[PDB]
Amino acid sequence: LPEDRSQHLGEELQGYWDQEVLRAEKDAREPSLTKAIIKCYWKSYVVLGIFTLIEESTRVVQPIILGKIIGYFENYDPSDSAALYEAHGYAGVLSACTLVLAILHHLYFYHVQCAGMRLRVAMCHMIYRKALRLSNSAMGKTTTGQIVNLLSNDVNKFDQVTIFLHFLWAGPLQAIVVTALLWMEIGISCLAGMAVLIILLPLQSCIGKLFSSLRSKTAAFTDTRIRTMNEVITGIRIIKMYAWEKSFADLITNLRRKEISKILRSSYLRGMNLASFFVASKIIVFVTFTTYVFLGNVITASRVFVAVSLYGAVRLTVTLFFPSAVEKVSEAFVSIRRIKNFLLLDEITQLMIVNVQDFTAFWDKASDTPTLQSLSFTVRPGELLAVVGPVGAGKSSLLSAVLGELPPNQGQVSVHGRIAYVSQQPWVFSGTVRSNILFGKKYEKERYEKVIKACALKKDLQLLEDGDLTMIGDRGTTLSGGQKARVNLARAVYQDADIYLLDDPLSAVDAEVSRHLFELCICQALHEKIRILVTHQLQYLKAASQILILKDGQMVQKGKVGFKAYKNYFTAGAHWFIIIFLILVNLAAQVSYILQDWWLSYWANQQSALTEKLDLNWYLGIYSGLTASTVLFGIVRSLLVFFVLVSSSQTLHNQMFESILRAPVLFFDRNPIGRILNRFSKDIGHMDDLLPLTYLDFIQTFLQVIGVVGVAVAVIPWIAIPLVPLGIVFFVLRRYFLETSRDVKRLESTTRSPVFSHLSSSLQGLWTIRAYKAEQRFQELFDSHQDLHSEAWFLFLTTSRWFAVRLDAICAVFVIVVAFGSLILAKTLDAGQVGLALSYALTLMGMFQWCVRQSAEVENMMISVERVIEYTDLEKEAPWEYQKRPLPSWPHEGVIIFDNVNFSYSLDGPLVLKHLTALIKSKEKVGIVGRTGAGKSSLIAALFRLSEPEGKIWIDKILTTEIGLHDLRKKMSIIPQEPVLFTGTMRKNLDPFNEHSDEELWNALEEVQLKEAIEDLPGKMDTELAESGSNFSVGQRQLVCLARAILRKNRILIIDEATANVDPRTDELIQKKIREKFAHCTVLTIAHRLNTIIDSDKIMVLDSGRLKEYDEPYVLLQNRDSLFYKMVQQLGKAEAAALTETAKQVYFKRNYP
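Counted the way the deposited numbering counts, the sequence shown spans residues 48 to 398, 408 to 615, 695 to 745, 756 to 1298.
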């Protein structure tokens, strides 16, 4: 609608803000953004205030009308037909009050949401209007992320605050009025219930502090676990090969033990919070009527149940809404105060020939020296002025000065003509690349085509699939530098400006293209224009008409889930005895809750049957028992639900973690790291923190809903007949709304993000959009994004409002049926039972809506539980230990036989190794050779059985398929291509089983010469490492890998060649260490750098997944037809000469031996 469009709706508030700023200047005081908001929207907040006044009046009138209805029974007389009509009258008014609430909520729900959205949309538009105008100083104080959080976080307070604001007055006032009326019903006793009721607000706030502290404390463990988990998932392939999987299992379980320990305490503490809301009503009424009866008053159905109903009105608003209003309105003023600051940062103050007069400028007046100094120059159309000099000499600052970004400290600049600007860092924004080029000038294909050829983009329009109608991201990330660079030139040309300011734009493209762009675009096409070019191409400099040389700024020259998921989530937590006990505690909580109120109804009726008097020791004693049992089972329920469901989130995490460890490497390939870790972070996070509270709050409310209906059916059993249609209506209605609502809910969630991405993109482009005088066109584009989301949000509002109004309608009908159903059956039932029925029915509205709401949220979050469940079901690698276990001394010799070995990463995948059949003799040194990308390392995956091979692999005649995976994996030793240091201690990275002597560790660390860094580390070997060990170089990590291999003494060594990540001066040193140490080992090495293997005893060549050659390297090189000879020959003549020399020497010596 025209009144809610972003442009119009914000523009008025910008008007009010300017007027407040003008007033504040005249008043010589600071401007207040709150006063600007209030003056703009007070006409809306006043009508919202009236609705709260009316709503709270009817919510207080309802109890007093209920008193009149019950009064019909306390003096019942079947002859008084007049009294029957009068009782029907109040039942009529009670009915109206319930529908008036249903209508007021129906109107109030709409206007409050609109009142909030209007303020949000208006503020966003002002925030953007300001962002386009910030002086370059202010970009130094703020950051794009800090500004974007104004839209993402801080403005999103306001459309919450508009809900609660009027409770800051309606809450206090309603407490007074409800206290005043309770003084009518009860007298002084009302102060007892109110004393408790106010004491709840300090207690609930205090609990909030303990929870916040515990919540803050636990976060450290969570982050510790997730980081450990992330390095686990990332490292899993290497973790598996070292068989360190036991270590991380111990580590994570320790971290998870501690974290759930904190989560249990925090969750119990929060269970006391929800328990309070449950029992609060029952204690308030206990203390009130206990004091009332000690003061000598008799209990009678009218006064008791009118009072009970009045506490229901004030209790919820004083304990729930008003504390929420003080919190959220406080967050409003924090946010408003923050936005007031942003709106008040320094603003740029902009006012054919170009002329410059002798000028000095500071990017910061806090600088001791200028950034441009004494500069004066002039240029006019038909010239090219170059700007030349060192990096940081001021070259780009000159262009900013002609553009007007840098204001003068002295001297002045003046120009006439349209400016064009091209930044050395290109910028491109969400749109078609044609749009990025047209920039919103009128399209002319006939000349645009000339630009597209003139800017040589036509070639790249062949690579763009949709050509120039391919969309480009808001940060250009899908384009390459040379493309987005060429895109900026294409934009600049089409704007067909008069003054071209070019910040070294062509260096992004090759010289031939650059000079093609220079010659056609810069020299010929701009020639009718002013041209100012920073460039380092001296061929262009000499083609320039004149040159300015800069130094130090001075002139040098002017030259849904199924039930099974639910069953699992509870059953996983505890034995079914506790869960059955959980059900009973739940029911016992609710039944004792209702029975407390039934006891007042029973106590009333017994009193009515009556000097003689009732024995308080019986009635008031049992009453105290029913309150106590309500309190006990309310607390126990709360704690016990959190126990079972948090206990379950422990068990499901551990089943999932063991699954992931046991999951084959295929799993970590097919699912990227972040998607796995998302389970352990978001989904486990929901299961621990959010989901158990939501279950507890649902079950708490739901049983009261069933409680309200059950009491009404218990007292007036024919109400069962009116209910069964109403339940079918409810059930059908719920399903239909949940089917259609979920789609519009997502739509609102997606249309929001374009608002923030536009602000982000425009801030990055801030000079170019403002250089092109495009500020207001970008405001139009933001309004387009802004009031696109407004359409989606309105459809969500009306969809939700359509459900809510008729959810209240069936709730209103319920009160009608009880109200008149009581009177139609009046002869059969007695005052206390009507009060019990009606005082409960009056509470159904609100709790019923929240019940349905929380129902949806439970079903929603159960999606995350379902996602962990599947990760408990992942297929597993074969057992870590088979029934057979190898001899304790095996492997004796490390004779490895490949026989028909056939391997694939997946059974459904290609066979990357086939018929692979080779003997590796004990202590034999064998190199593995294969073309890059041949899958050469697939041999490693087969030997460590990361996927089960077909055929037979034997080690000392033990069939590696027929032994436990940890037995096989531990006893070989592997040096990986990329090193990994885990953020344990240095000792952990070397010896996580903690079984090696420290003397061995120091020997290893000496043998790799890394000990110096470990002596530099303060804790010695107990030193903590950095994140990923980043304190060590990538080379030093590879030194550790040697250390690990040195420590893990085994007959069999494998190397994956990438030791050139050590600097050559130490790469070669560890390469020698490998030679010197592992002479005791059978050694395999797979390499690209054939020089590294070349001294092997044999080389295996696998260019295509077959063992094409397996022979002495010299004999291979003597075979001039060998692939290895051809490969070294493909390295080159001197390479082969060097390689053949090495092979000849070692072959001769071994033959001369």
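We put the beta carbon where it would ideally sit given N, CA and C, even for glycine.
Reduced DSSP category for residue i - H, G, I as helix; E, B as strand; rest coil
i           : result
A162        : helix
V326        : helix
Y119        : coil
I1103       : strand
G1054       : coil
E394        : strand
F712        : helix
residue 753 : Here residue 753 is not present, the numbering of the chain passing from 745 to 756 in one jump.
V447        : coil
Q54         : helix
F336        : helix
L790        : helix
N411        : strand
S470        : strand
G343        : coil
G1072       : strand
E232        : helix
Short Cβ contact (7 angstroms threshold) for residue i with residue j
i     : j     : result
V1074 : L1061 : no
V208  : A379  : yes
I1239 : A1232 : no
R303  : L261  : no
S1083 : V1125 : no
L573  : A442  : no
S356  : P78   : no
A1190 : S1118 : yes
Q54   : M173  : no
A700  : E1011 : yes
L1135 : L1198 : no
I1103 : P1033 : no
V345  : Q742  : yes
Beta-carbon proximity list for residue i, same chain, < 7 angstroms, skipping 5 on both sides
i     : result
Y1270 : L1261, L1262, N1264
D201  : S382, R385, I386
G1180 : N1206, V1207, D1208, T1211
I955  : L871, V874, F875
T846  : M992, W995, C996, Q999
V365  : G218, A222, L244
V159  : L95, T209, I210
8 angstroms CB neighbourhood of residue i in its chain, flanking five on each side removed
i     : result
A178  : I194, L904, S907, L908, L911
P1024 : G1109, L1110
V340  : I346, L761, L765
Beta-carbon proximity list for residue i, same chain, < 6 angstroms, skipping 5 on both sides
i          : result
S470       : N411
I493       : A546, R547, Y550
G473       : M408, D554, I555
residue 20 : With the chain running from 48 to 1298 in the structure shown, residue 20 is simply not present.
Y1050      : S1092
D833       : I310, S794
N544       : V478, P482
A290       : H1111, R1114, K1115
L455       : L557, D559
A937       : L892, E893, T896
Every unbroken alpha helix (DSSP H) inside the stretch 915–971 [4 residues or more]: Qualifying alpha helix (DSSP H) stretches, in chain order: 920–969.
Quick check on the DSSP output: what are the complete alpha helix (DSSP H) runs of length 4 or more inside the stretch 985–1031, in order along the chain? Listed in chain order, there is nothing to give.
Report yes or no: do three or more beta-carbon pairs, one from the stretch 418–427 and one from the stretch 569–588, lie closer than 8 angstroms? The stretch 418–427 is not in contact with the stretch 569–588.
Within the stretch 1147–1232, ranges of the alpha helix (DSSP H) (whole runs, at least 4 residues): Counting only unbroken stretches of 4 or more residues, the alpha helix (DSSP H) elements lying wholly within the stretch 1147–1232 are 1156–1161, 1179–1192, 1209–1222, in sequence order.
Please confirm if the stretch 68–76 is in contact with the stretch 86–101, defined as three or more CB-CB distances below 8 angstroms between the two stretches. With a cut-off of 8 angstroms, the stretch 86–101 and the stretch 68–76 do not count as touching, because too few Cβ pairs lie within range.
Are the stretch 769–786 and the stretch 721–733 touching by the rule of at least three beta carbon pairs closer than 8 angstroms? Counting Cβ pairs under 8 angstroms, three or more are found: they touch.
The stretch 268–276 touching the stretch 1080–1096, judged by at least three CB pairs closer than 8 angstroms: The stretch 268–276 is not in contact with the stretch 1080–1096.
Spell out a yes or no on whether the stretch 815–823 and the stretch 277–294 are touching, meaning 3 or more CB-CB pairs, one atom from each, closer than 8 angstroms. Touching, per the Cβ criterion.
Per the contact definition of three or more C-beta pairs closer than 8 angstroms, is the stretch 972–990 in contact with the stretch 341–361? Yes, the stretch 341–361 is in contact with the stretch 972–990.
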